[PDB]
Amino acid sequence: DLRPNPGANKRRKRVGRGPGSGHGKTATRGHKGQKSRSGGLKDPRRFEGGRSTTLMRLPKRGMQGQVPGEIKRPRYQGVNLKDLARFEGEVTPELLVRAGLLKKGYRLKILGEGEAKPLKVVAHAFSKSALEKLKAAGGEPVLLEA
Amino acid sequence: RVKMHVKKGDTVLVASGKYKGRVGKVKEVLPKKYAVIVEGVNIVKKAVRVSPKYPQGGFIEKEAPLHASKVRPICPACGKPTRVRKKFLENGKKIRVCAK
Amino acid sequence: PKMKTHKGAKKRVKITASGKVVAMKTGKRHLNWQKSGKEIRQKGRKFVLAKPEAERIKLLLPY
Amino acid sequence: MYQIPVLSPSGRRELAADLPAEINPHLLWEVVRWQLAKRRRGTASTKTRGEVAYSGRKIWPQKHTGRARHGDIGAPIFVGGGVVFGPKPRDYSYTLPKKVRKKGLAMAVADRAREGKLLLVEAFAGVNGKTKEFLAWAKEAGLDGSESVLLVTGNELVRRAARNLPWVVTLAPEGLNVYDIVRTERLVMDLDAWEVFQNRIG
RNA sequence: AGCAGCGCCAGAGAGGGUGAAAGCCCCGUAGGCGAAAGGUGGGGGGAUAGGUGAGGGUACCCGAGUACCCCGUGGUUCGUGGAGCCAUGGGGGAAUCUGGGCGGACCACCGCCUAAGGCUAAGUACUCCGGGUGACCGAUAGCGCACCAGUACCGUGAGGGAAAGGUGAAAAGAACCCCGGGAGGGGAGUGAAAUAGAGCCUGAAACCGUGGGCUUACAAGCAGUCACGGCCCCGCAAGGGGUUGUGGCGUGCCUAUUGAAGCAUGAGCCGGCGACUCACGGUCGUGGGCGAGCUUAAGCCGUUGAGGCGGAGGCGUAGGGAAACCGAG
RNA sequence: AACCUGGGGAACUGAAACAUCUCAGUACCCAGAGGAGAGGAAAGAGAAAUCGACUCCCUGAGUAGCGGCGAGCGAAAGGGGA
Ligand SMILES: [Mg+2]
Ligand SMILES: [Mg+2]
Ligand SMILES: [Mg+2]
Ligand SMILES: [Mg+2]
Ligand SMILES: [Mg+2]
Ligand SMILES: [Mg+2]
Ligand SMILES: [Mg+2]
Ligand SMILES: [Mg+2]
Ligand SMILES: [Mg+2]
Ligand SMILES: [Mg+2]
Ligand SMILES: [Mg+2]
Ligand SMILES: [Mg+2]
Ligand SMILES: [Mg+2]
Ligand SMILES: [Mg+2]
Ligand SMILES: [Mg+2]
Ligand SMILES: [Mg+2]
Ligand SMILES: [Mg+2]
Ligand SMILES: [Mg+2]
Ligand SMILES: [Mg+2]
Ligand SMILES: [Mg+2]
Ligand SMILES: [Mg+2]
Ligand SMILES: [Mg+2]
Ligand SMILES: [Mg+2]
Ligand SMILES: [Mg+2]
Ligand SMILES: [Mg+2]
Ligand SMILES: [Mg+2]
Ligand SMILES: [Mg+2]
Ligand SMILES: [Mg+2]
Ligand SMILES: [Mg+2]
Ligand SMILES: [Mg+2]
Ligand SMILES: [Mg+2]
Ligand SMILES: [Mg+2]
Ligand SMILES: [Mg+2]
Ligand SMILES: [Mg+2]
Ligand SMILES: [Mg+2]
Ligand SMILES: [Mg+2]
Ligand SMILES: [Mg+2]
Ligand SMILES: [Mg+2]
Ligand SMILES: [Mg+2]
Ligand SMILES: [Mg+2]
Ligand SMILES: [Mg+2]
Ligand SMILES: [Mg+2]
Ligand SMILES: [Mg+2]
Ligand SMILES: [Mg+2]
Ligand SMILES: [Mg+2]
Ligand SMILES: [Mg+2]
Ligand SMILES: [Mg+2]
Ligand SMILES: [Mg+2]
Ligand SMILES: [Mg+2]
Ligand SMILES: [Mg+2]
Ligand SMILES: [Mg+2]
Ligand SMILES: [Mg+2]
Ligand SMILES: [Mg+2]
Ligand SMILES: [Mg+2]
Ligand SMILES: [Mg+2]
Ligand SMILES: [Mg+2]
Ligand SMILES: [Mg+2]
Ligand SMILES: [Mg+2]
Ligand SMILES: [Mg+2]
Ligand SMILES: [Mg+2]
Ligand SMILES: [Mg+2]
Ligand SMILES: [Mg+2]
Ligand SMILES: [Mg+2]
Ligand SMILES: [Mg+2]
Ligand SMILES: [Mg+2]
Ligand SMILES: [Mg+2]
Ligand SMILES: [Mg+2]
Ligand SMILES: [Mg+2]
Ligand SMILES: [Mg+2]
Ligand SMILES: [Mg+2]
Ligand SMILES: [Mg+2]
Ligand SMILES: [Mg+2]
Ligand SMILES: [Mg+2]
Ligand SMILES: [Mg+2]
Ligand SMILES: [Mg+2]
Ligand SMILES: [Mg+2]
Ligand SMILES: [Mg+2]
Ligand SMILES: [Mg+2]
Ligand SMILES: [Mg+2]
Ligand SMILES: [Mg+2]
Ligand SMILES: [Mg+2]
Ligand SMILES: [Mg+2]
Ligand SMILES: [Mg+2]
Ligand SMILES: [Mg+2]
Ligand SMILES: [Mg+2]
Ligand SMILES: [Mg+2]
Ligand SMILES: [Mg+2]
Ligand SMILES: [Mg+2]
Ligand SMILES: [Mg+2]
Ligand SMILES: [Mg+2]
Ligand SMILES: [Mg+2]
Ligand SMILES: [Mg+2]
Ligand SMILES: [Mg+2]
Ligand SMILES: [Mg+2]
Ligand SMILES: [Mg+2]
Ligand SMILES: [Mg+2]
Ligand SMILES: [Mg+2]
Ligand SMILES: [Mg+2]
Ligand SMILES: [Mg+2]
Ligand SMILES: [Mg+2]
Ligand SMILES: [Mg+2]
Ligand SMILES: [Mg+2]
Ligand SMILES: [Mg+2]
Ligand SMILES: [Mg+2]
Ligand SMILES: [Mg+2]
Ligand SMILES: [Mg+2]
Ligand SMILES: [Mg+2]
Ligand SMILES: [Mg+2]
Ligand SMILES: [Mg+2]
Ligand SMILES: [Mg+2]
Ligand SMILES: [Mg+2]
Ligand SMILES: [Mg+2]
Ligand SMILES: [Mg+2]
Ligand SMILES: [Mg+2]
Ligand SMILES: [Mg+2]
Ligand SMILES: [Mg+2]
Ligand SMILES: [Mg+2]
Ligand SMILES: [Mg+2]
Ligand SMILES: [Mg+2]
Ligand SMILES: [Mg+2]
Ligand SMILES: [Mg+2]
Ligand SMILES: [Mg+2]
Ligand SMILES: [Mg+2]
Ligand SMILES: [Mg+2]
């Protein structure tokens, strides 16, 4: 294979449009033709009408903030036992983060749909319904404590 | 500095153009313009003279300078490049495969 | 560089898991005085928007 | 394909390989583009109406002057004035996905091998950095020089050889890049270098 | 130095120059040497300054207008907020380890750290200066300055601030004669070339002129177009070129406007300069890699137009609720 | 030349008016340092019976939070590096 004919396979096409020409996009810009098309219109996405923005809706969100900021609290990662049943051996937070769906998330909590393979599953929390599937063919190793 | 180059005042061959092949002693070497005076390129100046003193100056076809690249030094064997060998003390220049 | 999330709109609008935008019913805090029990109840729940829904999406983008 | 030609003092024992079959022309291109774009250097720069020697004083009143209407000379409509959207320096590189870097690499080699040009040598009579030697070795190697050759090898002496030779491009083992591969007609690489090529992919 | 013939070097086939297109002609390049003198120099070595302990009693010392409190303010993401911490202009004003500050009012609990004296290299920033490299510019560009430019010129001054590059390979730069006061020409002469002859390569356009062809003094016009005829011009003819006599038809270009030939805007004419870009983030589409996974950032190693390493981190695999919490709900 | 540190410190502009706010501790005036300057061995961080001077980069994160809760503004711990 030589340097000729590796070119983009018929769809890269850096065909950017040129607005000053005389045919296509002409006198005025691509689109324009009027006024307040010249340097920049307000936002306008979230913003402009000139009237009360749609900001008429209201902040229910409580706890929306506080001076010192956020409170350090344990974060539980929902991990379904359907993907858990995928591999087999002895599932612990170590494994699920080493490769899977933990991502250093503070805590592990298996739960939900899927069918439970037989094995010890060490987690920090179990859904009531999740405890059933694994109980019906496995061990329920709860979290730490100290 | 570094202005130095090929040969000096001695015997040399001319591999130029209008005077290709010719051979002769280089009577002058001006390093500034990187040209040397041999006996080849000699053109006829019509001028009486630039300075009024001495009425008759010469329609002389005197020697015209020549780019120091078209001329090559020479020895027993005709036309040779220039190697250099440090003597038992000084610094002499041997030719392609001989001495001086 | 790096669009900033519009805090004012995050503080009052949650985007659904699909792509819809929800918020609380307007006019339930002040005008109140004595409105049909229907009203104050109808005003408790949240709703979906329409076109500007897409407008507000374009703010909480990193969010 | 599989069976690659191998060269050694003992003879032409043709071995085999594991390189893929399907060659995506486009993918290859992306990688070649990526190499050529990363090497670019955004050295091209021009001075904006801002960065330019001229003053700031308004040149005329703009009223009952009868002249046109202007500010400072630095304005872009003012021969000598600042440039409009003139190029500033900027980086032309990007992070092409690693998976692809490997893909292309294999596919390049594979391609060159499928044409039957990939020769895995081993014997090198070229003792020292002497072009003559390599010129001889290559002569008996089937490399008359009628074909550009990407000589890949760990030995820096073998480098010395083909180094100056025009119709050849020396290169280290890790230097393997689809550009230089595709660039040349023939590919010749030491078995020890084929092992390290095998390490990245094999 | 092209082309043909026969050779050769290459740890050097980067590049530049030589009358045009040279690895081997010249300067270089690869590779390799080199400092009496000045500068630099813990990288290697040497020396000195300095520093190094266990258990018990005593409770002497451990940085003061300081801590701390209050009034006024500053800094921080913190706009007086529930407002701490740090800093301090004003007033009050301690203790030395049962001392004292902090962990976002305050209190108790648990833990952290020792204020009110000072010094400390490296990693970091920049580029007047030197060098290297460019999908950087090529004299309206590029620095304001390729050229004796921060000049000429302008302004009381601060300050403003230009224009202006190129004979040829070599000056061989045109002796001598002729016209002319000179300038400038005409011969002669140099040169491959002189409409390359000296602000001299190329030498476009507007604009001025000389010669020739068609044409015009009863004619009405956005200057053209369609037709026929005549005159001149290339071809033997068929054809084609130029010009315009008569007939038909016919309201400039742009802008702006409901509407312009418009007595609405802009434009003396030519040449050159001149306006939708890039960076980061976003959203849709599209080409391709991989797939319940996908992907790296600084940086390190390599290279000197080579890549590789680096999973920290990001997006995705679960949602719902203000939240506690619960979870295929 | 620029970089740096301290003392002093704007307005246009944004908010589609404007006064808090923004522009910005930017522009600039001033004093001082040097091949750098600043900072620097905890009366620290802040929730881990954890970390262990300082600076610089990546990240954390447009998160936490600040805000005529408008326009906007925007940390730190921790993790990867020099
Ligand atoms: Mg079009
Ligand atoms: Mg638009
Ligand atoms: Mg504007
Ligand atoms: Mg505007
Ligand atoms: Mg507007
Ligand atoms: Mg209104
Ligand atoms: Mg004399
Ligand atoms: Mg005479
Ligand atoms: Mg749904
Ligand atoms: Mg209320
Ligand atoms: Mg009421
Ligand atoms: Mg009722
Ligand atoms: Mg209710
Ligand atoms: Mg995020
Ligand atoms: Mg300026
Ligand atoms: Mg100036
Ligand atoms: Mg101005
Ligand atoms: Mg001004
Ligand atoms: Mg006026
Ligand atoms: Mg006028
Ligand atoms: Mg201009
Ligand atoms: Mg200029
Ligand atoms: Mg000018
Ligand atoms: Mg300029
Ligand atoms: Mg990298
Ligand atoms: Mg080569
Ligand atoms: Mg030819
Ligand atoms: Mg080289
Ligand atoms: Mg050639
Ligand atoms: Mg050459
Ligand atoms: Mg050298
Ligand atoms: Mg020496
Ligand atoms: Mg030495
Ligand atoms: Mg010294
Ligand atoms: Mg010394
Ligand atoms: Mg020394
Ligand atoms: Mg040192
Ligand atoms: Mg000692
Ligand atoms: Mg001892
Ligand atoms: Mg005691
Ligand atoms: Mg005591
Ligand atoms: Mg005492
Ligand atoms: Mg005492
Ligand atoms: Mg004191
Ligand atoms: Mg306090
Ligand atoms: Mg404040
Ligand atoms: Mg405060
Ligand atoms: Mg502040
Ligand atoms: Mg601030
Ligand atoms: Mg307030
Ligand atoms: Mg005080
Ligand atoms: Mg005491
Ligand atoms: Mg005491
Ligand atoms: Mg005491
Ligand atoms: Mg004690
Ligand atoms: Mg005591
Ligand atoms: Mg507390
Ligand atoms: Mg305790
Ligand atoms: Mg503490
Ligand atoms: Mg102390
Ligand atoms: Mg340093
Ligand atoms: Mg420099
Ligand atoms: Mg010019
Ligand atoms: Mg010009
Ligand atoms: Mg100069
Ligand atoms: Mg000069
Ligand atoms: Mg002037
Ligand atoms: Mg004057
Ligand atoms: Mg001026
Ligand atoms: Mg010339
Ligand atoms: Mg001259
Ligand atoms: Mg000259
Ligand atoms: Mg003359
Ligand atoms: Mg003549
Ligand atoms: Mg002539
Ligand atoms: Mg003449
Ligand atoms: Mg002419
Ligand atoms: Mg000419
Ligand atoms: Mg003449
Ligand atoms: Mg003259
Ligand atoms: Mg020329
Ligand atoms: Mg004229
Ligand atoms: Mg005239
Ligand atoms: Mg008429
Ligand atoms: Mg005929
Ligand atoms: Mg015809
Ligand atoms: Mg007519
Ligand atoms: Mg209209
Ligand atoms: Mg008119
Ligand atoms: Mg008018
Ligand atoms: Mg008007
Ligand atoms: Mg107009
Ligand atoms: Mg006019
Ligand atoms: Mg005009
Ligand atoms: Mg970014
Ligand atoms: Mg983008
Ligand atoms: Mg959409
Ligand atoms: Mg895309
Ligand atoms: Mg397809
Ligand atoms: Mg990967
Ligand atoms: Mg980054
Ligand atoms: Mg190493
Ligand atoms: Mg390196
Ligand atoms: Mg190289
Ligand atoms: Mg999610
Ligand atoms: Mg369900
Ligand atoms: Mg203001
Ligand atoms: Mg407003
Ligand atoms: Mg106003
Ligand atoms: Mg501020
Ligand atoms: Mg200040
Ligand atoms: Mg330093
Ligand atoms: Mg320092
Ligand atoms: Mg210091
Ligand atoms: Mg300090
Ligand atoms: Mg200090
Ligand atoms: Mg700190
Ligand atoms: Mg930095
Ligand atoms: Mg980022
Ligand atoms: Mg704030
Ligand atoms: Mg603020
Ligand atoms: Mg600010
Ligand atoms: Mg950190
Ligand atoms: Mg660190």
# chains A, B, ... in the order shown; residues from 1 in each chain; ligands from 1
>>> interface_residues(of="chain D", to="chain A", cutoff="9 Å", atoms="only C-alpha atoms", output="list in words")
residues 25, 26, 27, 28, 29, 30, 32, 108, 111, 112, 115, 179, 182, 183, 184 and 185 of chain D
>>> write_last_selection(atoms="N, CA, C and O atoms", output="PDB file, in the first residue's frame")
ATOM      1  N   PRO D  25      -8.640   0.609   4.659  1.00  0.00           N
ATOM      2  CA  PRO D  25      -7.842   1.700   4.095  1.00  0.00           C
ATOM      3  C   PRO D  25      -7.991   2.977   4.912  1.00  0.00           C
ATOM      4  O   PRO D  25      -6.992   3.628   5.221  1.00  0.00           O
ATOM      5  N   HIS D  26      -9.227   3.315   5.272  1.00  0.00           N
ATOM      6  CA  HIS D  26      -9.514   4.557   5.990  1.00  0.00           C
ATOM      7  C   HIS D  26      -8.819   4.646   7.344  1.00  0.00           C
ATOM      8  O   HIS D  26      -8.212   5.667   7.672  1.00  0.00           O
ATOM      9  N   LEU D  27      -8.916   3.578   8.130  1.00  0.00           N
ATOM     10  CA  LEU D  27      -8.294   3.544   9.445  1.00  0.00           C
ATOM     11  C   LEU D  27      -6.818   3.885   9.333  1.00  0.00           C
ATOM     12  O   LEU D  27      -6.303   4.739  10.056  1.00  0.00           O
ATOM     13  N   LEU D  28      -6.142   3.204   8.419  1.00  0.00           N
ATOM     14  CA  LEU D  28      -4.743   3.473   8.155  1.00  0.00           C
ATOM     15  C   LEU D  28      -4.535   4.971   7.983  1.00  0.00           C
ATOM     16  O   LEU D  28      -3.660   5.571   8.608  1.00  0.00           O
ATOM     17  N   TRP D  29      -5.365   5.570   7.139  1.00  0.00           N
ATOM     18  CA  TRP D  29      -5.260   6.986   6.835  1.00  0.00           C
ATOM     19  C   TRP D  29      -5.334   7.825   8.091  1.00  0.00           C
ATOM     20  O   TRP D  29      -4.497   8.696   8.307  1.00  0.00           O
ATOM     21  N   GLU D  30      -6.338   7.562   8.917  1.00  0.00           N
ATOM     22  CA  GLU D  30      -6.508   8.316  10.150  1.00  0.00           C
ATOM     23  C   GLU D  30      -5.206   8.386  10.932  1.00  0.00           C
ATOM     24  O   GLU D  30      -4.810   9.452  11.399  1.00  0.00           O
ATOM     25  N   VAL D  32      -2.122   7.881   9.779  1.00  0.00           N
ATOM     26  CA  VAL D  32      -1.089   8.607   9.052  1.00  0.00           C
ATOM     27  C   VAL D  32      -1.321  10.090   9.248  1.00  0.00           C
ATOM     28  O   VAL D  32      -0.390  10.848   9.492  1.00  0.00           O
ATOM     29  N   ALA D 108      -0.734  -2.309   8.585  1.00  0.00           N
ATOM     30  CA  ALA D 108       0.303  -1.840   7.673  1.00  0.00           C
ATOM     31  C   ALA D 108       1.266  -2.979   7.391  1.00  0.00           C
ATOM     32  O   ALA D 108       1.396  -3.426   6.252  1.00  0.00           O
ATOM     33  N   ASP D 111      -0.307  -5.756   5.582  1.00  0.00           N
ATOM     34  CA  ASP D 111      -0.469  -5.433   4.177  1.00  0.00           C
ATOM     35  C   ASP D 111       0.828  -5.658   3.421  1.00  0.00           C
ATOM     36  O   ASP D 111       0.854  -6.353   2.407  1.00  0.00           O
ATOM     37  N   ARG D 112       1.905  -5.070   3.921  1.00  0.00           N
ATOM     38  CA  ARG D 112       3.195  -5.171   3.263  1.00  0.00           C
ATOM     39  C   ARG D 112       3.636  -6.631   3.172  1.00  0.00           C
ATOM     40  O   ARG D 112       4.328  -7.024   2.231  1.00  0.00           O
ATOM     41  N   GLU D 115       1.534  -8.594   0.369  1.00  0.00           N
ATOM     42  CA  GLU D 115       2.135  -8.345  -0.934  1.00  0.00           C
ATOM     43  C   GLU D 115       3.398  -9.182  -1.074  1.00  0.00           C
ATOM     44  O   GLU D 115       3.919  -9.370  -2.174  1.00  0.00           O
ATOM     45  N   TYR D 179       3.256   5.409   9.119  1.00  0.00           N
ATOM     46  CA  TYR D 179       3.712   6.333   8.099  1.00  0.00           C
ATOM     47  C   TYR D 179       4.910   5.742   7.366  1.00  0.00           C
ATOM     48  O   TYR D 179       4.821   5.435   6.183  1.00  0.00           O
ATOM     49  N   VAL D 182       4.104   2.579   5.367  1.00  0.00           N
ATOM     50  CA  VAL D 182       3.366   2.842   4.132  1.00  0.00           C
ATOM     51  C   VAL D 182       4.224   3.628   3.151  1.00  0.00           C
ATOM     52  O   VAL D 182       4.109   3.495   1.928  1.00  0.00           O
ATOM     53  N   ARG D 183       5.088   4.451   3.719  1.00  0.00           N
ATOM     54  CA  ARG D 183       5.962   5.307   2.955  1.00  0.00           C
ATOM     55  C   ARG D 183       6.803   4.492   1.986  1.00  0.00           C
ATOM     56  O   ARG D 183       6.982   4.888   0.839  1.00  0.00           O
ATOM     57  N   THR D 184       7.303   3.348   2.445  1.00  0.00           N
ATOM     58  CA  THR D 184       8.246   2.545   1.667  1.00  0.00           C
ATOM     59  C   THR D 184       7.614   1.370   0.920  1.00  0.00           C
ATOM     60  O   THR D 184       6.519   0.914   1.265  1.00  0.00           O
ATOM     61  N   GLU D 185       8.328   0.875  -0.093  1.00  0.00           N
ATOM     62  CA  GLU D 185       7.877  -0.265  -0.888  1.00  0.00           C
ATOM     63  C   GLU D 185       8.188  -1.592  -0.201  1.00  0.00           C
ATOM     64  O   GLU D 185       7.350  -2.491  -0.158  1.00  0.00           O
TER      65      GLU D 185
END
>>> residues_near_ligand(ligand="ligand 94", cutoff="10 Å", atoms="only C-alpha atoms (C1' of nucleotides) and all ligand atoms", output="list in words")
residues 266, 267, 268 and 269 of chain E
>>> closest_atom_pairs(of="chain D", to="chain E", cutoff="9 Å", atoms="only C-alpha atoms (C1' of nucleotides)", output="tab-separated table")
residue	atom	partner	partner_atom	distance
D:26	CA	E:288	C1'	7.6
D:27	CA	E:288	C1'	6.6
D:30	CA	E:288	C1'	8.6
D:36	CA	E:305	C1'	8.4
D:39	CA	E:305	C1'	5.9
D:40	CA	E:135	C1'	7.4
D:41	CA	E:134	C1'	6.8
D:42	CA	E:134	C1'	8.2
D:43	CA	E:136	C1'	6.1
D:44	CA	E:136	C1'	4.2
D:45	CA	E:136	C1'	6.6
D:46	CA	E:136	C1'	8.8
D:52	CA	E:144	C1'	8.6
D:53	CA	E:144	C1'	6.0
D:54	CA	E:144	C1'	7.5
D:55	CA	E:160	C1'	7.7
D:76	CA	E:274	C1'	7.1
D:77	CA	E:274	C1'	5.3
D:78	CA	E:273	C1'	7.2
D:79	CA	E:273	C1'	5.3
D:80	CA	E:140	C1'	6.8
D:84	CA	E:275	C1'	7.8
D:85	CA	E:277	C1'	5.1
D:86	CA	E:277	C1'	7.8
D:87	CA	E:278	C1'	7.8
D:88	CA	E:278	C1'	7.8
D:90	CA	E:279	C1'	8.7
D:95	CA	E:296	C1'	8.9
D:97	CA	E:289	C1'	7.4
D:99	CA	E:289	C1'	6.6
D:100	CA	E:289	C1'	5.7
D:103	CA	E:289	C1'	8.5
D:129	CA	E:11	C1'	5.9
D:130	CA	E:11	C1'	7.5
D:131	CA	E:10	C1'	6.3
D:132	CA	E:10	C1'	8.3
D:157	CA	E:11	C1'	8.6
D:159	CA	E:11	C1'	8.9
D:160	CA	E:11	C1'	5.4
D:161	CA	E:11	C1'	7.9
D:163	CA	E:11	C1'	8.3
D:164	CA	E:13	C1'	6.4
D:165	CA	E:13	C1'	6.9
D:166	CA	E:13	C1'	5.9
D:171	CA	E:306	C1'	8.5
D:172	CA	E:306	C1'	8.4
D:174	CA	E:307	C1'	6.2
D:175	CA	E:306	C1'	4.3
D:176	CA	E:306	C1'	6.7
D:177	CA	E:306	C1'	6.5
D:200	CA	E:308	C1'	8.9
>>> write_last_selection(atoms="C-alpha atoms", output="mmCIF file, in the first residue's frame")
data_model
loop_
_atom_site.group_PDB
_atom_site.id
_atom_site.type_symbol
_atom_site.label_atom_id
_atom_site.label_comp_id
_atom_site.auth_asym_id
_atom_site.auth_seq_id
_atom_site.Cartn_x
_atom_site.Cartn_y
_atom_site.Cartn_z
ATOM 1 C CA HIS D 26 -9.514 4.557 5.990
ATOM 2 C CA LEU D 27 -8.294 3.544 9.445
ATOM 3 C CA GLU D 30 -6.508 8.316 10.150
ATOM 4 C CA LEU D 36 1.530 14.189 10.394
ATOM 5 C CA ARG D 39 4.481 16.798 14.210
ATOM 6 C CA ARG D 40 3.082 20.088 12.943
ATOM 7 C CA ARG D 41 4.255 23.076 14.912
ATOM 8 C CA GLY D 42 1.920 26.049 15.328
ATOM 9 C CA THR D 43 4.694 28.495 14.634
ATOM 10 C CA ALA D 44 2.624 30.612 12.245
ATOM 11 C CA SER D 45 1.569 33.867 13.893
ATOM 12 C CA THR D 46 0.392 37.337 12.927
ATOM 13 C CA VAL D 52 0.766 46.639 16.510
ATOM 14 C CA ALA D 53 3.043 49.663 16.827
ATOM 15 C CA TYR D 54 0.555 52.394 15.901
ATOM 16 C CA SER D 55 -1.036 54.896 18.238
ATOM 17 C CA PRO D 76 -7.668 46.149 9.675
ATOM 18 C CA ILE D 77 -8.930 48.274 6.767
ATOM 19 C CA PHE D 78 -5.705 50.201 6.740
ATOM 20 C CA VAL D 79 -2.774 48.854 4.739
ATOM 21 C CA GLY D 80 -0.102 48.420 7.399
ATOM 22 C CA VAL D 84 -8.159 40.364 10.924
ATOM 23 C CA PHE D 85 -8.286 36.665 11.715
ATOM 24 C CA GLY D 86 -4.622 36.030 11.058
ATOM 25 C CA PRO D 87 -3.199 32.748 12.422
ATOM 26 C CA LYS D 88 -1.944 32.621 15.994
ATOM 27 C CA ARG D 90 -1.578 26.684 18.255
ATOM 28 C CA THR D 95 -4.963 11.856 21.220
ATOM 29 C CA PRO D 97 -7.249 6.236 20.469
ATOM 30 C CA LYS D 99 -6.503 0.797 20.056
ATOM 31 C CA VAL D 100 -6.291 2.399 16.619
ATOM 32 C CA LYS D 103 -4.708 -1.659 14.594
ATOM 33 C CA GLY D 129 29.362 1.008 10.153
ATOM 34 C CA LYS D 130 30.483 0.697 6.542
ATOM 35 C CA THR D 131 28.019 1.331 3.720
ATOM 36 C CA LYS D 132 29.916 -0.945 1.320
ATOM 37 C CA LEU D 157 25.828 -0.476 13.417
ATOM 38 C CA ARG D 159 22.000 1.720 11.099
ATOM 39 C CA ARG D 160 25.355 3.252 10.169
ATOM 40 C CA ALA D 161 25.191 1.202 6.992
ATOM 41 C CA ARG D 163 21.835 5.323 7.208
ATOM 42 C CA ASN D 164 23.245 7.425 4.377
ATOM 43 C CA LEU D 165 22.002 5.083 1.647
ATOM 44 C CA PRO D 166 19.193 7.033 -0.111
ATOM 45 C CA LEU D 171 14.701 2.923 12.082
ATOM 46 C CA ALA D 172 14.684 1.560 15.631
ATOM 47 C CA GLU D 174 9.954 1.013 18.605
ATOM 48 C CA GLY D 175 10.147 3.492 15.738
ATOM 49 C CA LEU D 176 7.586 1.357 13.923
ATOM 50 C CA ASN D 177 4.923 3.762 12.698
ATOM 51 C CA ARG D 200 3.132 -4.433 21.141
#
>>> residues_near_ligand(ligand="ligand 82", cutoff="10 Å", atoms="only C-alpha atoms (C1' of nucleotides) and all ligand atoms", output="VMD selection string")
chain E and resid 206 to 209
>>> residues_near_ligand(ligand="ligand 33", cutoff="10 Å", atoms="only C-alpha atoms (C1' of nucleotides) and all ligand atoms", output="number ranges by chain")
E: 33-35
>>> write_last_selection(atoms="C-alpha atoms (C1' of nucleotides)", output="PDB file, in the first residue's frame")
ATOM      1  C1'   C E  33      40.441  16.891  18.206  1.00  0.00           C
ATOM      2  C1'   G E  34      41.209  21.288  20.902  1.00  0.00           C
ATOM      3  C1'   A E  35      42.503  26.499  25.780  1.00  0.00           C
TER       4        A E  35
END
>>> residues_near_ligand(ligand="ligand 60", cutoff="12 Å", atoms="only C-alpha atoms (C1' of nucleotides) and all ligand atoms", output="ChimeraX atom specification")
/E:62-63,114-118 /F:41-43
>>> residues_around(residues="residue 53 in chain F", least_positions_apart="2", cutoff="12 Å", atoms="only C-alpha atoms (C1' of nucleotides)", output="PyMOL selection string")
(chain E and resi 120) or (chain F and resi 39-42+44+55)
>>> interface_residues(of="chain F", to="chain C", cutoff="12 Å", atoms="only C-alpha atoms (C1' of nucleotides)", output="PyMOL selection string")
chain F and resi 61-63+65-67+69-74
>>> residues_around(residues="range 25-39 of chain C", least_positions_apart="3", cutoff="10 Å", atoms="only C-alpha atoms (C1' of nucleotides)", output="list in words")
residues 56, 57, 58 and 60 of chain A; 22, 42, 43, 44, 45, 46 and 47 of chain C
>>> select_by_dssp(residues="chain C", states="strand (DSSP E or B)", output="ChimeraX atom specification")
/C:14-15,21-24,46-48
>>> closest_atom_pairs(of="chain E", to="chain B", cutoff="10 Å", atoms="only C-alpha atoms (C1' of nucleotides)", output="tab-separated table")
residue	atom	partner	partner_atom	distance
E:17	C1'	B:69	CA	8.8
E:18	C1'	B:69	CA	6.0
E:19	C1'	B:17	CA	7.4
E:25	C1'	B:69	CA	6.9
E:26	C1'	B:69	CA	5.0
E:27	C1'	B:5	CA	8.7
E:170	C1'	B:64	CA	7.8
E:171	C1'	B:45	CA	8.9
E:172	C1'	B:43	CA	6.0
E:173	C1'	B:47	CA	9.4
E:174	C1'	B:46	CA	7.7
E:175	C1'	B:46	CA	4.6
E:176	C1'	B:46	CA	9.6
E:189	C1'	B:46	CA	7.7
E:190	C1'	B:44	CA	7.8
>>> residues_near_ligand(ligand="ligand 89", cutoff="9 Å", atoms="only C-alpha atoms (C1' of nucleotides) and all ligand atoms", output="PyMOL selection string")
chain E and resi 261-263
>>> residues_near_ligand(ligand="ligand 66", cutoff="12 Å", atoms="only C-alpha atoms (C1' of nucleotides) and all ligand atoms", output="PyMOL selection string")
chain E and resi 146-148+165
>>> residues_near_ligand(ligand="ligand 37", cutoff="12 Å", atoms="only C-alpha atoms (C1' of nucleotides) and all ligand atoms", output="number ranges by chain")
E: 40-43, 121-122
>>> residues_around(residues="range 20-29 of chain A", least_positions_apart="5", cutoff="12 Å", atoms="only C-alpha atoms (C1' of nucleotides)", output="PyMOL selection string")
(chain A and resi 34-35+37-39) or (chain E and resi 254-255+275-276)
>>> residues_near_ligand(ligand="ligand 15", cutoff="7 Å", atoms="only C-alpha atoms (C1' of nucleotides) and all ligand atoms", output="PyMOL selection string")
chain D and resi 50-51+55-56
>>> atom_distance(atom1="CA of residue 100 in chain B", atom2="atom 1 (Mg, counted along the ligand's line) of ligand 32")
22.3 Å
